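Chain residues, written in single-letter form:
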Amino acid sequence: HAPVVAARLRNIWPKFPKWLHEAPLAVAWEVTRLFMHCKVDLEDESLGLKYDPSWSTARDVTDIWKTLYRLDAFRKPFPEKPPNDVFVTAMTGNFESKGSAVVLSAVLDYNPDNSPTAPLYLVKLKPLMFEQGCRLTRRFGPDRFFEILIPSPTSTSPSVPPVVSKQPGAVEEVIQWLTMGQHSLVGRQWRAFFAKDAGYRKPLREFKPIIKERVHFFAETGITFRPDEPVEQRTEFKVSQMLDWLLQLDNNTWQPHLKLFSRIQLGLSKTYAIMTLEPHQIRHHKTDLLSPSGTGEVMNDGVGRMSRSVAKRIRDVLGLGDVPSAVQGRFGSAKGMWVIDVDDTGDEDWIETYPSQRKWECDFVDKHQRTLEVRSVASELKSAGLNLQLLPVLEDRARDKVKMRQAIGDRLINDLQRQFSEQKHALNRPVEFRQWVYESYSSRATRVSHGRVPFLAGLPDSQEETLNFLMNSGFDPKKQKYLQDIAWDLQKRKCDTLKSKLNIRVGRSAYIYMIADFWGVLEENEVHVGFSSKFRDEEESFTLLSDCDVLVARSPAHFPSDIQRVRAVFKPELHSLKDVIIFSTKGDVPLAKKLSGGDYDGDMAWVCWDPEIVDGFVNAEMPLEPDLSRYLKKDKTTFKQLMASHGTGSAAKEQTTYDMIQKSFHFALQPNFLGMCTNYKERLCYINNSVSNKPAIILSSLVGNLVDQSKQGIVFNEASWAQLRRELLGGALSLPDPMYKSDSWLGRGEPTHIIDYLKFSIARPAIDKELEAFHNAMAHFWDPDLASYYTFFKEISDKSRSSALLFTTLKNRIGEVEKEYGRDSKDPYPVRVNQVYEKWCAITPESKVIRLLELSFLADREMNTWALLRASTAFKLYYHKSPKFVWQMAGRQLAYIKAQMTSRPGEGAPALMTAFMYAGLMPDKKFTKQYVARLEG
Amino acid sequence: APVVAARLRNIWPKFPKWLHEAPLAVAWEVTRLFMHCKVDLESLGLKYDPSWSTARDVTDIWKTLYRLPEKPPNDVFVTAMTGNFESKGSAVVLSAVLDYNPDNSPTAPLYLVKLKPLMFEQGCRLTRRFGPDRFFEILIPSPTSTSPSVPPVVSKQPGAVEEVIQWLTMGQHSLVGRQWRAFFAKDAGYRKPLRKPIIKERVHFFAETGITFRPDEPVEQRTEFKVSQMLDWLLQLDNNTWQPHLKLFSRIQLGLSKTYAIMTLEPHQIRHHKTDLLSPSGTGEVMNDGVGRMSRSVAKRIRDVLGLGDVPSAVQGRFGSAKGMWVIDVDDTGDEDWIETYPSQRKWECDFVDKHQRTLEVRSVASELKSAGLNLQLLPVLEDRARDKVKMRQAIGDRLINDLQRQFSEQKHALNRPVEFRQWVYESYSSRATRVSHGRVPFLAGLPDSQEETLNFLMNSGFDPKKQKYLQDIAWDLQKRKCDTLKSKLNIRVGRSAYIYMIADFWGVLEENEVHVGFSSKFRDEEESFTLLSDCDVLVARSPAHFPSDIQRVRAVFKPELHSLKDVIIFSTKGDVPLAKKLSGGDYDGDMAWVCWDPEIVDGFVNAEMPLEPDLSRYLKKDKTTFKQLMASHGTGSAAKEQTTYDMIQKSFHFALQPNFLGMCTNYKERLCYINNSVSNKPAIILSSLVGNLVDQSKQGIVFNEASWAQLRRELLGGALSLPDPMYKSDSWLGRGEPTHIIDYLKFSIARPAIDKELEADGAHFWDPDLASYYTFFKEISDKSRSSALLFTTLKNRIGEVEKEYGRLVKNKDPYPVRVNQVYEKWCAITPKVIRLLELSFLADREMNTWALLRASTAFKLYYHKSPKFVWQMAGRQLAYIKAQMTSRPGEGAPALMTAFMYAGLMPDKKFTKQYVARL
DNA sequence: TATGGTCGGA
DNA sequence: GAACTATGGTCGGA
RNA sequence: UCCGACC
RNA sequence: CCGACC
Ligand SMILES: Nc1ncnc2c1ncn2[C@@H]1O[C@H](COP(=O)(O)NP(=O)(O)OP(=O)(O)O)[C@@H](O)[C@H]1O
Ligand SMILES: Nc1ncnc2c1ncn2[C@@H]1O[C@H](COP(=O)(O)NP(=O)(O)OP(=O)(O)O)[C@@H](O)[C@H]1O
Ligand SMILES: [Ca+2]
Ligand SMILES: [Ca+2]
Ligand SMILES: [Ca+2]
Ligand SMILES: [Ca+2]
Ligand SMILES: [Ca+2]
Ligand SMILES: [Ca+2]
Ligand SMILES: [Ca+2]
Ligand SMILES: [Mg+2]
């Protein structure tokens, strides 16, 4: 099997030395990383090579790393450190805390070295990380799982090494390497059980974009493992057994093994475990809800009911504010949505499953097969916008195409004019701008994560937070240009997103989980939408929808019928179901199926009730799709059929399960064409300006089949794609990229395409006009306050020569740091900033005056008086010459100086808030409008 | 009463010739200053300053008067000088307060006058039509007052009352160069005299003529106009002479109601209905009293004019003679302005021709609903109609116990962590009002004046309530205060309850016992949240509630036909009698119903039919005399009509001044119905009718005096006996045996013990080594340097002096804030190269220099054991700075020095506290 | 040259 | 009179 | 940016 | 404490 590649695959993984054998897995994982990052061989015998008993009882990785850095070889900057909370859990928490599992992850990139006896792939072990748990991690232990991002062996990229590219069997060798046998790492033997497309990933600069694949490995055996439950005291278990426990293969040999394999993802879905129902509490339905017109169509695909008590515990376990009307989760073999039974008057727990939910035949015996696992809940809704895919369909199903082009166009101009007229007004008053910046972006996540506002050097990392921080210390956005420049860039970027993606905001629109009406109250083509709270659009708001038409759609939208106009009817029967949209269970075909072959197992619909967009819309009847069986080759080989090659009984089953793995790995590594065929359709439809003619329809079918590839077992290669383009699509093979893909109009004449018209005839003009009005509406870097300490020390320096020397050294040192500030490198923008900052913080007084300036009793010397003087000098010397340097390095001190300077006797008191307490305060809107009222009179 | 009259000859300040040419505003402000400084306005070189006419700040006018007070806001003066007294719908108000003159000397004014500053109130129809400058309002002590304070001159001589009324009504009163005639008077309630409480009456005056007025339009350019004509403009007396003149008098308030003018509808756009909606059962009962429909476009304008966030579903306002509520027509498919009026709304026959009688005037809009509670009037009625009285008691009591425990448990858990306690303190009280008013957190000395803010200020700088005793003691004091408030007042709060505007079903969708409630946003109870009410029984009631039928149980049905109507409750127009009438005789002109959907409170309720009310005609006599009858005395024609109108004013002023018995008769019913423990027996129903009629006194012309009250008690009640206060009116159970009345039981058997139990129920210390950082820092320097040591010693001694002063003024005892400030001034007095570093002159605020920190540090070090409250009240500010500095760790974030204003505008983020508390 | 969309960053 | 004796509720300002 | 689920 | 409202 291509022996050239096989040799370079002998030792890709780092070796585990005997000295590290008696180590906690976390310690083993972390220690190995530093060695790799420091170039030191783990088996190097020059070093002492003795285990430090002190490592077995640690809480910060820095302590473990420091003991090694004492050795000369390690003594380079430290690599990213596992957060202490994660580290403690790995050693003392059994890898699980609050439903979160520590994850062992790696990124593998091809070795630049082309030496024949050299590792084919260079390995980077990622720091221990906390991630949501899943069924398999909860059942067999989060430490028994290892995931990697490996470059796809079938990548047609120039950057691919030649050993693999030239060798014909190269693909088979790597695939065999992954699946044939165990892989050794940190004292554990890992076996592959699953693989999925990770998409195009940028090769790590530590070692041109290449498609990478995520492979999942289970720890079958380890040195600490025992033959036939804590982490370091687990029992051997073969992947063939784990998959059997998950899928119950005995009762599922009739499934196509490729599809069987794809259901392993259901054991890996990130979920919160809620509760374990008893067998007598579970209602397994034998038949799905069926069309009342005898078409046989299923009307409740993927959705079933759940008791009110089950919903209540969902709220209690997840700490929700209210009881969720519906949740997305997994239950044994069931995957889909569950909705509260509006008819439940009791307090008994019960949940039902339906055929369309149950993806394999399951017995629901083990506790873990009867635990309701929640992946998400129906929450408060946001306003949504449009996307490039709805636009042609909206234009194609319009009674008047011209009226639509104007309607959507007007939405764009008036949304932009609001966005700017609001920011321009706020910029006049600092309190109003602070409110706007918090309303623009929310950093609550990073604030909770760090327990403080994250700060890069001397200013907050986020530009939004930087603005608020400096304004909170007294800076006026229209008086200091540093703040203006930040608001300018932020506005330009938000406009650039509108230019590059045309996300035209529609206030009367949202994405809502789709649910079917179990109770037959909604007639065909009626939907029910009730909100949990007031849904606001400009000067109109809603708690429900009634007596009006709505537009529903799903992405991707390709067929003319992928958008559908229906009638919003509020049924008081359903009133308690909030933040979900309920399709009727009457009619020939479920409405969800009409939305791009959608269902009710987690699907979210685009819901739009904007009249100017809805009433021009006319429905299209679902299209008659072409037979593409000649090109789309389906592999329906069953598990049973695979087993016949080997026999019957345990060993035969066990062999067949490993066949399923490697066979599915091969099918999972086939080059994907969903991207190409989708982009081809965009170009062809654009050139013909048609999303409804014959070629447009077939391509919509092709992309509709390709997206379901891994679950339908569809083989599709370059050859078939070129064949389909010749036989059915008119022989054109390479089509021109559309004009909207470019940032400026490179077309001839007035734009003809709706996207081109909106991007170049409506958006870019309006963007440029509003930006100039915003510039015209708006300042000086200089601020006499920020130089108070300079003037104060110069005066002392003039009177005293002793102080003069310190001033000169400080000034000269600052210039050196500015020189360093003055380019892309392996070390990124943050690391470069920190290095310049470290020299900046290095400037130090280096005696009564020195003590008064250094204030060494303060632990954080960035809070002493010397820091205030150093920043003041820097501002005076480089406010104009280099503004970014004086601020990114001295902003926090300059803010302190401003708040000191702006304080007036008697008029209140400034407040030095702790980082943490500051990071937990939000602007009070009600305070803002009342204060502005007091100013108007 | 000759003695009273001689004292009534010269009540008002005199208008000298030198101020004749002065603008009204200037004259009023000058008069106020001279009175405040006690200077006669009628031989010094007091001469007109032409600078005053062009003035834009009253202080500039006042500055010119330096030859030897509260100030109108500058925007008001400008609107008064150059804005025609009207700005943005606000009208500048000429207000005065009168009080009995202390001196009893005869030939001296009976009343002492104080002109209040010029001020903004919302305008009304009358000010918008004839001009705010022509309106003057006074709070005067009632002549029919039995108070001991009433001066003997009035009390001892009867007939003084008639004289005081004659002074007010007979003719004009000269003030600031204008002739003022009384036109209206209403009860202002008991009001404390400015330097013992007495009942005062609001009297309204209109300027008929003046020095600047023209015989038959800027402020100084008015035209003569008699009150008899203004009222005739408002009420169209020619077409309303059929009305009882007292009721007609009562309608003058409609012209004085503070309202926001929205739009002026044209005559074609007005739909006057000749008949009200009536019962489908033939009773003849009105089912839409006070309520009509309006177009969606008129509603959208109300949002635009009032700056509302959404279109209101219903408004309370006045349109010509129409008073009441208007609701959006859910069936309005058009875009044309239209409004409708019904007989019940129209309190007089108006022609709807003048624009001011065709303007829609809004007082209030249906708005976001707030959770309510059970007032003490509802509890007896709930028990009277309870299927099982013992289960009602059990529920309301068990609910109360659960609520108290939840609150106490929340406070205790919060203290454990500073971020959580900050959230509880903010939830406890809101300082937004003080913050917006001062643009900062108000500070007394070195710490915020409010204890609640002081805790947040010091926790925001790193202090821990569990680790610093100063924070601990403040929190304990605050908790005790809340517990003491809870013991005094029994406030049972029910989350699933709210007061909501009552509307009627024009569209005939609701049945007799069905109501519809949709909310504008999520109504949150701790357990659940609602956007609407469906498939549950609710209780509806109105305050006052006295009769057993005054609370009713209905079925909440959500009708998609009414879905657009939000923040309102809609009653049925079907049935014999309207539901609103059952709630203390309620209507839909702005009545708000108490709505409860709490199943525990609702489930036991059994509805009672409306009672047959006794005939109290013997004690309650109504004056139904009509305007015509009044006119028949004077004849026919304009002149007769003119003095009939002035007669109505004088007769009504007397009626309006009749001592009111609503308070006492209500208090008596409470005391008697408590002794009887019955709100449904003979006397309770008697007293409910009595108070049910007394509230409608002014509109029904009911005469009721001590004599009638004495004989009503004598015959129908237990007369002449002074009824005691119920036990629950006291803070403790001074009664015999275990309490039995529902209120005594809930306050004394349920609330008191639970509150007391929490009150009965390594650690906190004054010391904090971080706070002595600067002191220890300067002792090291002082040990190796003399000059500094002398500075340190002098400073250390100087704080000693201030500490002694704090004992002299703040330890025990002109007012307390002044004393604290006096020490603070002495404290900030303590002040000094090295001196230049310690005292940063470039800082205007010396409290921000390094010296302020050292002085705070040594003061803490030297007196944290002995004088804690001194150290903090003077230096808490700097101690918080020091704490924030010391707690900062290299790389663990950056502290933020916030300004006072930007600090005062920030708020605890509930989402942060909850998320951070999770993950420890 | 190889898709769109919804969420989160335990 | 020494002593009798002044309502509930909804919302806003200061 | 990047990382991670989901349809 | 001041102001409308039922
Ligand atoms: N990567 C993707 N890009 C675009 N669309 C996607 C993608 N993944 C899923 N979808 C959409 O989600 C649909 C898949 O539906 P499901 O996720 O429900 N899978 P389904 O075929 O129904 O099989 P089951 O698991 O339910 O037995 C596709 O047809 C697409 O519409
Ligand atoms: N000061 C008050 N104290 C107690 N209850 C009051 C008070 N003012 C009004 N009310 C209540 O509101 C009712 C008055 O209703 P209205 O204000 O509707 N007057 P009404 O007699 O109907 O005459 P119209 O002007 O509507 O023709 C009283 O019966 C009480 O229930
Ligand atoms: Ca599908
Ligand atoms: Ca689906
Ligand atoms: Ca599905
Ligand atoms: Ca009323
Ligand atoms: Ca009424
Ligand atoms: Ca994607
Ligand atoms: Ca009152
Ligand atoms: Mg009534």
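Residues numbered from 1 in each chain as written, not as in the entry; some residues may be left out. Chains lettered and ligands numbered in written order. Heavy atoms only, no water. Residues with missing side-chain atoms left out of burial classes, pairs and counts.

- Method of determination for the deposited model, per the PDB record: X-ray crystallography, at 2.7000 Å resolution.

### A few points about the interface of chain A and chain B
Here is step 1 of the chain: Between chain A and chain B, the residue contacts involve 86 residues of the former and 90 residues of the latter.
Here is step 2 of the chain: Counted by class, the side of chain A that touches chain B contains 41 nonpolar, 22 polar and 23 charged residues.
Here is step 3 of the chain: Of the strand pairs in this sheet, strand β29 (residues 911-913) of chain A and strand β28 (residues 896-898) of chain B are connected by 3 bridges, and their pairing is antiparallel. For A911 of chain A, the partnering residue across the bridge sits in β28 of chain B and is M898 of chain B. (Contact = heavy atoms within 4.5 Å. Nonpolar A, V, L, I, M, F, W, Y, C, P; charged D, E, K, R; others polar. Pairing = 2+ DSSP bridges. Helix = DSSP H or I, 4+ residues; strand = E, 2+ residues; numbered from the N terminus.)

### Things to note about the UniProt feature "binding site: ATP" (unreviewed entry) in chain B
All names here are of chain B.
Here is step 1 of the chain: Those places that UniProt annotates as "binding site: ATP" (unreviewed entry) correspond, in this numbering, to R251, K323, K347, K699 and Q700.
Here is step 2 of the chain: With respect to the secondary-structure elements, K347 resides in the loop between β14 (339-341) and β15 (359-365).
Here is step 3 of the chain: Here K699 is to be found in helix α24 (residues 697-700).
Here is step 4 of the chain: Judged by its relative accessible area of 36%, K699 falls in the partly exposed class.
Here is step 5 of the chain: Contact partners of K699, with chain neighbours within four places excluded, come to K247, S250 and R251. (UniProt positions renumbered as here; feature names shortened; annotations may be inferred. Buried < 20%, exposed > 50% of the residue type's maximum accessible area, 1.4 Å probe, protein only.)

### Things to note about the protein's contact with RNA strand F
Residue and element names in this part refer to chain B.
Here is step 1 of the chain: Not every one of the 16 residues close to RNA strand F is listed here, only the nearest: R191, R202, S257, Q316 and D591.
Here is step 2 of the chain: Near the protein, within 4 Å, the atoms of RNA strand F are sugar or phosphate in 95% of cases.
Here is step 3 of the chain: Side-chain polar atom of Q253 to a phosphate oxygen of RNA strand F: 3.4 Å apart, as the coordinates give it.
Here is step 4 of the chain: Here the residues of the surface near RNA strand F sort into 1 nonpolar, 4 polar and 11 charged. (Near = heavy atom within 4 Å. Polar contact = N/O pair within 3.5 Å; in protein donor to acceptor, adjacent residues only side chain to side chain.)

### Quick word on the side chain of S325 of chain A
Here is step 1 of the chain: Along the chain, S325 of chain A falls in the loop between α11 (308-318) and β12 (326-331).
Here is step 2 of the chain: Sequence-distant contacts of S325 of chain A, that is, excluding residues within four places in its chain, are made with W338, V339, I340, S576, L577 and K578 of chain A.

### Observations regarding the packing of aromatic side chains
Here is step 1 of the chain: Within the structure shown, the criterion is met by 100 aromatic pairs over all chains.
Here is step 2 of the chain: Members of the aromatic cluster, connected to one another through ring pairs, are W13, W29, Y110, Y121, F146, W177, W190 and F217 of chain A.
Here is step 3 of the chain: Here the guanidinium or amino end of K811 of chain A rests over the ring plane of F807 of chain A, the centre of that ring lying 3.4 Å away.
Here is step 4 of the chain: Above the plane of the ring of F766 of chain B lies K469 of chain B, whose end atom (NZ or CZ) is 4.2 Å from the centre. (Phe/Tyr/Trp six-rings, centres within 6.5 Å; stacked < 30°, edge-to-face > 60°. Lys NZ or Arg CZ within 6 Å of the ring centre and 35° of its normal.)

### Examining the protein's contact with RNA strand E
Residues and elements named next belong to chain A.
Here is step 1 of the chain: Taken together, 15 residues sit near RNA strand E, with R201, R214, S269, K270 and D603 positioned nearest.
Here is step 2 of the chain: Among the atoms of RNA strand E close to the protein, meaning within 4 Å, 95% are from sugar or phosphate groups.
Here is step 3 of the chain: Here a phosphate oxygen of RNA strand E and a side-chain polar atom of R214 are 2.8 Å apart.

### Notes on the pattern of salt bridges
Residue and element names in this part refer to chain A.
Here is step 1 of the chain: For the coordinates displayed, the defined rule picks out 86 salt bridges over all chains.
Here is step 2 of the chain: Linking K653 and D244 is a salt bridge whose minimum nitrogen-to-oxygen distance equals 2.9 Å. Here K653 is found in helix α21 (residues 650-668), whereas its partner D244 is found in helix α8 (residues 239-247), with 409 residues between them in sequence.
Here is step 3 of the chain: Residue classification places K653 among the buried positions, given a relative accessible area of 16%.
Here is step 4 of the chain: We classify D244 as partly exposed; its relative accessible area is 21%.
Here is step 5 of the chain: Note that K481 is salt-bridged to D485, the shortest N-O span being 2.8 Å. Residue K481 and its partner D485 are both found in helix α17 (residues 481-501); the two are separated by 4 residues, about one turn of the helix. (Salt bridge = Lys/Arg side-chain N within 4 Å of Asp/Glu carboxyl O.)

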